[PDB]
Each structure stands twice: as C-alpha cells, then as structure tokens.
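> Okay, handing you the structure first.
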Amino acid sequence: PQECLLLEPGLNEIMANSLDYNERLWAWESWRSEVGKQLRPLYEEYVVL
Amino acid sequence: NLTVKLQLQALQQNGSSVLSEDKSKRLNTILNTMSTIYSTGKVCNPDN
Ligand SMILES: *[C@@H]1O[C@H](CO)[C@@H](O[C@@H]2O[C@H](CO)[C@@H](O)[C@H](O)[C@H]2NC(C)=O)[C@H](O)[C@H]1NC(C)=O
Ligand SMILES: *[C@@H]1O[C@H](CO)[C@@H](O[C@@H]2O[C@H](CO)[C@@H](O)[C@H](O)[C@H]2NC(C)=O)[C@H](O)[C@H]1NC(C)=O
C-alpha cells in the first residue's frame, strides 16, 4: 500500500502497454472505485447549479 | 588471560549466519520490509 500511482504518469501507462488481464482489471476497477466515487456527490450538485 | 579471552570472545560470536541461507535471507527481507513500512507509511484525512 505504499506504492500509489497517479493517473497520468503510471495508470494510463499500464492501460496502454500492459498485456496482463489481471493488472488491467485492477487498474480499471480501482480508478473508478477510488476516484470515481468521490465525484458523484459533486456531479449531482453540478448538474443542478 | 582475561584480556585475550575478552578479545577472542568478542571475535568468536557467530551472531547471524548460524541460520540457513533461505532463513537468513528471509530474515533480512522482513527486517527491510518493516523498516520501509515505518519510514514511508502515510495516513490521510477522512474528508479530503
Ligand atoms: C596477559 O596478562 C598479563 C597480566 O595478567 C598482562 O600483563 C600486562 O601487560 C601490560 C602490557 O603488555 C602491562 O602494561 C601491565 O602492567 C601488565 N600487567 C601485569 C600485572 O604485569 C599481559 O599484557 C596479558 N597479555 C596480553 C597479550 O595483553
Ligand atoms: C559458530 O558457528 C559454528 C558453525 O557455523 C559452530 O560450529 C562449530 O564450528 C567449528 C568451526 O568450524 C567446528 O570446529 C566445530 O566442530 C563446530 N561444532 C561445534 C563446536 O559443536 C560453532 O560452535 C559456533 N561458535 C560459537 C561460539 O557459537
């Protein structure tokens, strides 16, 4: 857990180069599960305003 | 001679390297892992 990656240098490098099903699934799921879930309550308010 | 015995006893102590090679390597690995966990562990806000 001391190896955190951002999106630009390092997540969409896995997604562009890798050929490992499990690593691609990990990156895809975790980006949407850890950062995507923070934007839901903000987007719901953004829509209304 | 107690002086000679003191020096030889300081020099004769095996310390590590009494273990196997697998066991010694595993020990060094967990030592380094614990040190690195302590040195670079991070906690962050519950609201940011
Ligand atoms: C062996 O033990 C003797 C005494 O038990 C040591 O003799 C001493 O030697 C140092 C220098 O070598 C002197 O300054 C002391 O005065 C000596 N002590 C006595 C009581 O005579 C001897 O040094 C020891 N062996 C070694 C290699 O150190
Ligand atoms: C230090 O470790 C060695 C093994 O790595 C122990 O085993 C003795 O080693 C000497 C030197 O080769 C042999 O002559 C003996 O036959 C070995 N077996 C014994 C003494 O039972 C050694 O005993 C250890 N020394 C200490 C002080 O722990």
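Residue numbers (the working numbering), protein chains in the order written: chain E, 3 to 51; chain W, 7 to 54.
Cβ atoms here follow ideal geometry from the backbone N, Cα and C, with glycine treated the same way.
1) Grab the span of the alpha helix (DSSP H) containing residue 13 (chain W) for me, first residue to last.
2) Which value, in whole angstroms, describes the spacing of the CA atoms of residue 7 (chain W) and residue 33 (chain W)?
3) Closer than 8 Å, Cβ to Cβ, to anything on chain E: give me those residues from the region 18–47 of chain W, in chain order.
4) To the nearest angstrom, how far is it from the Cα of residue 15 (chain E) to the Cα of residue 9 (chain E)?
5) Taking the straight line between their C-alpha atoms, what separation do you get for residue 28 (chain E) and residue 15 (chain W)?
On the basis of the data shown:
1) Counted from its first residue, the second sequence places residue 13 (chain W) at position 7. From DSSP, the alpha helix (DSSP H) with residue 13 (chain W) extends over 8–18.
2) Start at 1 with the first residue of the second sequence, and residue 7 (chain W) comes out as number 1. Start at 1 with the first residue of the second sequence, and residue 33 (chain W) comes out as number 27. Distance between the alpha carbons of residue 7 (chain W) and residue 33 (chain W): 37 Å.
3) Listed by position, the residues of the region 18–47 of chain W near chain E (Cβ gap below 8 Å) are 42, 43, 46, 47.
4) Counting from one through the first sequence, the residue named residue 15 (chain E) turns up at place 13. Counting from one through the first sequence, the residue named residue 9 (chain E) turns up at place 7. Rounded to the nearest angstrom, the two C-alpha atoms are 9 Å apart.
5) To locate residue 28 (chain E), count along the first sequence from 1; it is residue 26. To locate residue 15 (chain W), count along the second sequence from 1; it is residue 9. If you take the alpha carbons of residue 28 (chain E) and residue 15 (chain W), they lie about 55 Å apart.
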